[PDB]
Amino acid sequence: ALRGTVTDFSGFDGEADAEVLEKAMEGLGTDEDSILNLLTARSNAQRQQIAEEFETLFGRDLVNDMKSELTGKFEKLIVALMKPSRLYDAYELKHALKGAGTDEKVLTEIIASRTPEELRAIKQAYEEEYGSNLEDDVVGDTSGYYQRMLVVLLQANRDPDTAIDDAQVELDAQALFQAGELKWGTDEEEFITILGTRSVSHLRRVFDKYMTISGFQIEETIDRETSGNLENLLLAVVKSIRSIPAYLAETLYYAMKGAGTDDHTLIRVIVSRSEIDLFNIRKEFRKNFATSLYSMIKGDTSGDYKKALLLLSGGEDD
């Protein structure tokens, strides 16, 4: 079911590709198009091969050459596109912790929507690159239940999908109801333990049951019961439980629907997901927002920045 929008180019020729990129830079100006048409048509693993082959042919660093020939939001995308898949999430996480004021949005998005396999892969890569323990770093930069929930999630420990138990589903649905709507204040720990540790397949069933017994969708209750930090995280986790593609589709929409563009988010989501579920993301986006992902990117962005994004994205006809 899970489909990306960028795949390996067949008949890929690492050296030819380098020569092309060289031809697009060496001399007066810069052939943005040629760089943009090639790199959005090669997978992450293949860009790495292009970057290594470029060095052997020209004794120059591809990425740095492009940094010195490109500009603005376009350069940012290309640079993000060039970052090894393995290191990308950890890179965005590191920059989100760096400096006194943390970037919660990024922590929540990534940690709430990455599968256990992925999260433990991120943790190892992050410790390899930076010599810091990710969990420890997150603990240092967050606080309260938001910190607690993140720590729980970072254990990469969630129950595995298993035989579905009707008794457990009713029990857990009731616990959430008793912990939220029925209680003066909120049993934050119950929400956290349940929404943090229970399996995906199990929780989807618990949601349907929660609605049946409470009249509320769990998302309404989370909004009615919590605020800021914690609300966003629990909302993020819940939506990811339902559908990571649908969660990330909503993430893109909200990055574009206002007066500006949250370009930092536009870029991260498109790039990181281009080889996993961006096709799924596009389907869900259309499904929930009346237009294609394409048309909204077209409306919010300009120039080569726009051109690359659209080629990366695809689906003009969604």
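Residue positions are given as counts along the sequence shown, with the first one as 1.
Taking the PDB entry as given, 114-122 carries the higher mean Cα B factor of the two stretches 114-122 and 179-187.
When the C-alpha B-factors of 161-169 and 85-93 are averaged, 161-169 comes out higher. In this PDB entry, the Cα temperature factor of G144 sits in the bottom third of its chain's modelled residues, the lowest group. The deposited CA B-factor of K67 belongs to the highest third of values across its chain. Annotation for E75: CA B-factor lies in the highest third of the chain's modelled residues. Among all modelled residues in this chain, the alpha-carbon of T212 has a temperature factor (C-alpha) in the middle third. In the deposited entry, the Cα temperature factor of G14 sits in the bottom third of values across the chain's modelled residues.
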